[PDB]
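There is one chain below, alone, in structure tokens, taken in the form deposited in one PDB entry.
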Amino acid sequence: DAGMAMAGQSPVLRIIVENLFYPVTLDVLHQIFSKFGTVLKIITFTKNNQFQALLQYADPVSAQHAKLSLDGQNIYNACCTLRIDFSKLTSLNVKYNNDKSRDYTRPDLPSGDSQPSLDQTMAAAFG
């Protein structure tokens, strides 16, 4: 998006101490951060005893605007009370929605399920 004339240069987030519990979080961060800009790719971990998510954007100017608007406060019904801040990494790396993370320019990711191919993989035996 980047539809604002002001500065911005940190395209990825810590998103800590959310209202949240599991990987629905990431698609919900997508659904509420889409209101600011072009959210990209997400992690979801229990940070030892806290909860956290970890998200990259397209546009650091929209991500500025969302840190502004969502680090400063929630949005409605006392129900969106995020801590949200820029990373030290500043280019987040997805793994798998197996236990950790998905990406939306990837398929869905998979979960590591992906099968053999009996032309080339099992082909020495195949059955």
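One rule holds for the numbers: they count along the sequence shown, beginning at 1.
Only in words, not in the display: the form solved in complex with a partner chain, which the text now covers.
**Q** Would you confirm whether the three residues 22, 70 and 77 all fall within 4.5 Å of its partner chain in the deposited complex, going by non-hydrogen atoms?
**A** Checked in the deposited complex: all three residues contact its partner chain.
**Q** Answer for residue 43 alone: is it within 4.5 Å of its partner chain in the deposited complex, judged on heavy atom distances?
**A** Because no heavy atom of residue 43 falls inside 4.5 Å of its partner chain in the deposited complex, the answer is no.
**Q** Under a 4.5 Å heavy atom criterion, is residue 32 part of the interface with its partner chain in the deposited complex?
**A** It does: once its partner chain is placed as it appears in the deposited complex, residue 32 has a heavy atom within 4.5 Å of it.
**Q** Does residue 55 make contact with its partner chain in the deposited complex, using a 4.5 Å heavy atom cut-off?
**A** Because no heavy atom of residue 55 falls inside 4.5 Å of its partner chain in the deposited complex, the answer is no.
**Q** Is residue 82 part of the interface with its partner chain in the deposited complex - any heavy atom within 4.5 Å?
**A** Yes - in the deposited complex, heavy atoms of residue 82 and its partner chain come within 4.5 Å of each other.
**Q** Name the stretch: of 57 to 65, 43 to 51, 86 to 94, 23 to 31, exactly one has residues whose heavy atoms fall within 4.5 Å of its partner chain in the deposited complex.
**A** Single hit among the candidates: 23 to 31.
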